[PDB]
Q: 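One structure coming up, written as structure tokens, with questions to follow.
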Amino acid sequence: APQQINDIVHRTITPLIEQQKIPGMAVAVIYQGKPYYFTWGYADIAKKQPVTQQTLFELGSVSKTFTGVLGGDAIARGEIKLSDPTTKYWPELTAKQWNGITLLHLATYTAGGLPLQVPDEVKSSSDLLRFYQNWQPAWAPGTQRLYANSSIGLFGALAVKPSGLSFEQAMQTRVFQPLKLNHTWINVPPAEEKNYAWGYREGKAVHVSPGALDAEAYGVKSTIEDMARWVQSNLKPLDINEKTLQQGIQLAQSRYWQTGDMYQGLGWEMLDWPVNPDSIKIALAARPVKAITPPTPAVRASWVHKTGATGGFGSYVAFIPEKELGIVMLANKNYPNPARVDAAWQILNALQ
Ligand SMILES: *[B]([O])([O])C1=[C]C(C([C])([C])[C])=[C]C(C([C])([C])[C])=[C]1
């Protein structure tokens with residue numbers, strides 16, 4: 001670890017941890033391809049367990065990047081197309097508002113205002129169908145972006161249907177295993193529980209609760225080493241030996257819609273680099289989108305990123321392919337997103 005990387009990381013993260021009262025944190029910087037790791041504080045305060053490079057954190061919505069890449073892999077295999085109607089994979093979805101809503105719309109939050117959350121009351125498969133049947137779109141498809149778990153969650157579930165595999169099995173065999181993410185889990189096995197950090201919300205130890213379409217939208221747990229490898233894989237997809245996965249990664253970084261300075265991929269979100277740091281709180285934010293017709297293939301000169309939160313955890317991943325540079329920040333408190341971005345930008349800008 002170069003003293004430069006050490007100094008920029010410690011001078012940025014130490015005050016962040018102090019200001020935000022973060023109990024435990026792990027950081028990976030990917031610099032010229034190699035990962036450098038840093039850890040602070042506690043995975044479990046009461047049991048005095050430290051954060052290590054083996055600690056599991058809830059990724060929250062950073063899981064959407066795995067879903068987007070799994071869907072990209074299914075497209076590359078010829079199993080699905082983003083131009084396919086939703087009803088091709090869910091014919092039971094007969095209500096008329098679904099005519100015109102494609103897998104692209106689901107993946108990119110542009111279906112017309114699918115709800116932010118699947119209600120907790122939805123517990124059965126028939127509950128799920130009722131929910132989507134009864135939903136009344138606010139808008140025509142492809143006109144506004146409304147970030148939503150019920151949108152990308154449904155995309156993940158449908159994308160794996162032609163494979164015959166469960167979502168989890170598909171993710172494991174097609175993404176986690178080939179990339180050697182061997183400590184990344186949709187369900188944490190009993191053998192690995194010793195490494196699962198607690199999250200902290202108002203000083204209480206918490207873990208994310210089960211919900212419909214959780215795995216697809218917010219349910220992955222991972223370590224800082226596996227997350228560094230995920231960043232490496234998304235920085236340099238051509239190093240990946242599995243052809244459809246390499247292609248899937250590229251598809252997830254394609255630019256499908258534009259809102260302001262941001263471009264929506266599959267899971268990933270992107271801005272042109274160099275990026276105004278202030279250009280990189282609100283519970284619900286509807287924004288008109290412009291279609292990118294046709295989508296732009298992955299731009300190397302991009303700030304590519306994704307925030308994640310659960311009740312107890314705050315995560316952030318950002319990378320710049322043209323500079324072979326990236327960062328992962330995993331914490332067991334959900335602290336404000338602007339603090340994540342400011343920290344990540346301070347670190348990557350200094351190393352770029
Ligand atoms: B994700 O970590 O950004 C994410 C988003 C949401 C919205 C869509 C904002 C309600 C909800 C969650 C959970 C369900 C984990 C709180 C996560």
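We number each residue from 1, following the sequence as shown. Side chains included, hydrogens not; waters and symmetry mates left out as well; all remaining heavy atoms used.
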Q: Who are the ring pair (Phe, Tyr, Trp, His ring centres under 6.0 Å) partners of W185, not counting sequence neighbours?
A: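 None.
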
Q: For a quick check under 3.5 Å, do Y218 and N149 share a side-chain donor-acceptor pair by atom type?
A: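 Their side chains do not contain a donor-acceptor pair, so the 3.5 Å distance test is not met.
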
Q: Counting only N and O atoms by type, is there a donor-acceptor contact under 3.5 Å from the side chain of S63 to the main-chain atoms of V220?
A: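 Present.
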
Q: Is it true that a side-chain atom of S233 and a backbone atom of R229 form a donor plus acceptor pair closer than 3.5 Å?
A: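 Yes.
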
Q: If we ignore hydrogens and angles and just use 3.5 Å, is the side chain of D226 paired with the main-chain N or O of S222 as donor and acceptor?
A: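 Checking the backbone N and O of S222 against the side chain of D226, no donor-acceptor pair under 3.5 Å is found.
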
Q: So, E269 and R255, do they make that salt bridge, N to O below 4.0 Å?
A: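 Looking at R255 together with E269, the answer is no, because their closest N to O distance does not fall below 4.0 Å.
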
Q: Testing the 3.5 Å rule here: is there a donor-acceptor pair between the side chains of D272 and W303?
A: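 No, no side-chain donor-acceptor contact under 3.5 Å.
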
Q: What's the separation between atom CZ in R340 and atom CD in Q20, rounded to the nearest 0.5 Å?
A: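 Separation between the atoms: 9.5 Å.
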
Q: Quick check on the 6.0 Å ring-centre criterion: do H305 and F319 meet it?
A: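 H305 vs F319: aromatic centres not under 6.0 Å.
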
Q: Given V289, which of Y256, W257, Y109 fulfils the side-chain contact (heavy atoms from CB on, under 4.5 Å) condition?
A: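 In the set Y256, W257, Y109, the residue that makes a side-chain contact (heavy atoms from CB on, under 4.5 Å) with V289 is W257.
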
Q: Quick check: does any side chain N or O of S302 sit under 3.5 Å from a backbone N or O of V304, one acting as donor and the other as acceptor?
A: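 No; zero donor-acceptor contacts below 3.5 Å.
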
Q: Taking atom OG1 of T12 and atom CG of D342, what is their separation to the nearest 0.5 Å?
A: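 Answer rounded to 0.5 Å: 10.5 Å.
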
Q: Whether the side chain of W98 engages the backbone of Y132 through a donor-acceptor N/O pair (distance < 3.5 Å, no angle test) should be reported.
A: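 Confirmed, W98 side chain pairs with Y132 backbone.
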
Q: Between the side chains of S61 and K64, does any donor sit under 3.5 Å from an acceptor?
A: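 The answer is yes; a qualifying pair exists.
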
Q: Please state whether the rings of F57 and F313 are parallel, tilted or perpendicular, taking 30° and 60° as the class boundaries.
A: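 Rings of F57 and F313: perpendicular, over 60°.
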
Q: Under the 3.5 angstrom rule, does the side chain of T65 hit a backbone N or O of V62 as a donor-acceptor pair?
A: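 Yes; judged by distance alone, with no hydrogens or angles, the pair exists.
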
Q: Measure the CG-CD distance between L235 and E322 for me, rounded to the nearest 0.5 Å.
A: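 Taking CG in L235 and CD in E322, the distance rounds to 12.0 Å.
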
Q: I'd like to know if the side chain of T87 reaches the main chain of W90, judged simply by a donor and an acceptor atom lying under 3.5 Å from each other, with no hydrogens or angles considered.
A: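 No, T87 side chain to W90 backbone: no donor-acceptor pair under 3.5 Å.
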
Q: To the nearest 0.5 Å, how far apart are CE in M270 and OG in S254?
A: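 Taking CE in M270 and OG in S254, the distance rounds to 7.0 Å.
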
Q: Given side chains that start at C-beta, do those of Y263 and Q253 come closer than 4.5 Å, heavy atoms only?
A: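 A side-chain contact under 4.5 Å is absent here.
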
Q: Would you please test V9 and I347 for side-chain contact (heavy atoms from CB on, under 4.5 Å) and show each step?
A: CA-CA 6 Å; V9 171; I347 291 166; 4.3 Å; yes

Q: Examine the side chains of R174 and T244 and answer whether a donor and an acceptor come within less than 3.5 Å of each other.
A: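 There is no such pair between these side chains.
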
Q: Are side-chain N/O atoms of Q264 and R145 paired as donor and acceptor at under 3.5 Å?
A: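 Result is yes, a qualifying pair exists.
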
Q: Taking the side chain as every heavy atom from C-beta outward, state whether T67 and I152 have any pair of such atoms under 4.5 Å apart.
A: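 When only atoms from C-beta onward are counted, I152 and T67 do touch, with a gap below 4.5 Å.
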
Q: Could you give the distance from CD (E225) to CG (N182), rounded to the nearest 0.5 Å?
A: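 Reported to 0.5 Å precision, the distance equals 11.0 Å.
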
Q: Counting the benzene-type ring for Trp, do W198 and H207 have ring centres under 6.0 Å apart?
A: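 Centroid distance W198-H207: below 6.0 Å, so yes.
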
Q: Applying side-chain hydrogen bond (donor to acceptor under 3.5 Å, both in side chains), can you list everything that pairs with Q352, at least two apart in sequence or on another chain?
A: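 With sequence neighbours excluded, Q352 shows a side-chain hydrogen bond (donor to acceptor under 3.5 Å, both in side chains) to no residue whatsoever.
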
Q: Within a strict 4.5 Å, meaning less than it, do heavy atoms of the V51 and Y42 side chains meet?
A: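 In short, these two side chains do not touch, never coming nearer than 4.5 Å.
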
Q: Whether the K221 and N187 side chains hold a donor-acceptor pair (N or O, under 3.5 Å, no angle test) is what I'd like checked.
A: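 No pair is found: no donor N or O on one side chain lies under 3.5 Å from an acceptor on the other.
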
Q: Please report the closest heavy-atom contact between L128 and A212, naming both atoms and the distance.
A: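 Closest pair (atom of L128, atom of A212, distance): CD2-CB, 4.1 Å.
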
Q: Taking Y200 for the side chain and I45 for the main chain, is one N or O donor matched with an acceptor at less than 3.5 Å?
A: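 At least one qualifying donor-acceptor pair exists.
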
Q: Between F155 and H105 (judged by ring centroids, cut-off 6.0 Å), do the two rings come close enough to count as a pair?
A: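 No, the ring of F155 stays outside the 6.0 Å limit from the ring of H105, centre to centre.
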
Q: For the CD atom of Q53 and the OH atom of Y37, what is their distance to the nearest 0.5 Å?
A: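 These two atoms lie 6.5 Å from each other.
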
Q: Quick check: closest heavy atoms across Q144 and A286, and the distance to 0.1 Å?
A: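 Scanning both residues, the minimum pair turns out to be OE1-CB, 3.7 Å.
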
Q: Closer than 3.5 angstrom, by distance alone: can the side chain of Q169 be matched with the main-chain N or O of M171 as a donor-acceptor pair?
A: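 A pair under 3.5 Å: no.
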
Q: So, using side-chain hydrogen bond (donor to acceptor under 3.5 Å, both in side chains) as the criterion, who are the partners of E58 when residues are at least two apart?
A: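 For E58 the side-chain hydrogen bond (donor to acceptor under 3.5 Å, both in side chains) partners, ignoring immediate neighbours, are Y196, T310.
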
Q: With distance as the sole test, does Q97 use its side chain to make a donor-acceptor pair with the main-chain N or O of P137 at under 3.5 Å?
A: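 No, the answer is negative, given that no donor and acceptor are paired below the 3.5 Å cut-off.
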
Q: I'd like to know if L116 and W139 are part of one continuous hydrophobic network [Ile/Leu/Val/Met/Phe/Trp/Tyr, side-chain heavy atoms within less than 4.5 Å].
A: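 Hydrophobic grouping puts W139 with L116.
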
Q: Hydrophobic clusters here meaning ILVMFWY residues chained together by side-chain heavy-atom distances under 4.5 Å, can you tell me if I320 and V299 are in one?
A: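 Each belongs to a different hydrophobic cluster.
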
Q: Give me the atom names and distance for the closest heavy-atom approach of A309 to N334.
A: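 Smallest heavy-atom distance, with atoms named: CB-OD1, 3.4 Å.
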
Q: Indicate whether the side chain of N195 and that of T55 have a donor and an acceptor atom separated by less than 3.5 Å.
A: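 No, because no side-chain N or O of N195 sits under 3.5 Å from a partner of the opposite role on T55.
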
Q: Do you know which two heavy atoms are closest between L179 and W230, and how far apart they sit?
A: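 What the structure gives for the nearest pair is CD1-CZ3, 3.6 Å.
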
